[PDB]
Amino acid sequence: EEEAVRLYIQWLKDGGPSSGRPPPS
C-alpha cells in the first residue's frame with residue numbers, strides 16, 4: 001500500500017471517477 005493509493009481510495013471515497021477528478025495514480 002501507499003499514500004497515493006490511499007489517496008486514491010480516498011479519491012474513490014470521493015466517488016473515484018465520479019469525484020470529477022482523475023485517479024491519483
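Read in the authors' numbering, the sequence shown has 7 at position 7, and its numbers run on one by one without any break. For every residue, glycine included, the Cβ atom is placed at its ideal position computed from N, Cα and C.
Distance between beta carbons of residue 24 and residue 8, contact taken as under 8 angstroms: The beta-carbon distance between residue 8 and residue 24, rounded to whole angstroms, is 5 angstroms. This is short enough to meet the 8 angstroms contact definition.
By Cβ distance below 7 angstroms, which residues in the same chain neighbour residue 11 in space, the five residues on each side in sequence not counted? Closer than 7 angstroms at Cβ, skipping near neighbours: 19, 21, 23 and 24.
When DSSP labels each residue in this structure, what does residue 6 get in the three-state scheme? Secondary structure at residue 6: helix, using DSSP grouped into helix, strand and coil.
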